[PDB]
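Accompanying notes for the structure given below.
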Amino acid sequence: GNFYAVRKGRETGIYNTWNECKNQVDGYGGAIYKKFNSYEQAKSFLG
Numbered sequence: 005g006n007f008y009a010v011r012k013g014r015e016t017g018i019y020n021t022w023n024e025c026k027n028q029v030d031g032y033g034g035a036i037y038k039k040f041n042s043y044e045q046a047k048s049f050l051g
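Here it is as structure tokens:
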């Protein structure tokens, strides 16, 4: 899968999986989720 700096709402945060990816954001009419491939960038994004 991949890494995901997600935080649209609810228990979220950075992910690192195929499921965590689509699972945390699958369909989402317009979720925020900041896709990433390195918690270092995704985390640097979260602030």
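The letter at position 45 of the sequence shown is residue 49 when you use UniProt numbering, and the numbering goes up by one with no holes. Think of the CB as a built atom: it goes at the ideal place given N, C-alpha and C, for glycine as much as any other residue.
- Beta-bridge analysis with DSSP links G17 to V10.
- Cβ contact annotation for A35 (same chain, cutoff 6 angstroms, sequence separation greater than five): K12 and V29, in chain order.
- Under the DSSP definition of a beta bridge, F40 partners with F7.
- Around the Cβ of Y8, a 10 Å sphere holds 16 or more other Cβ atoms; the residue is buried.
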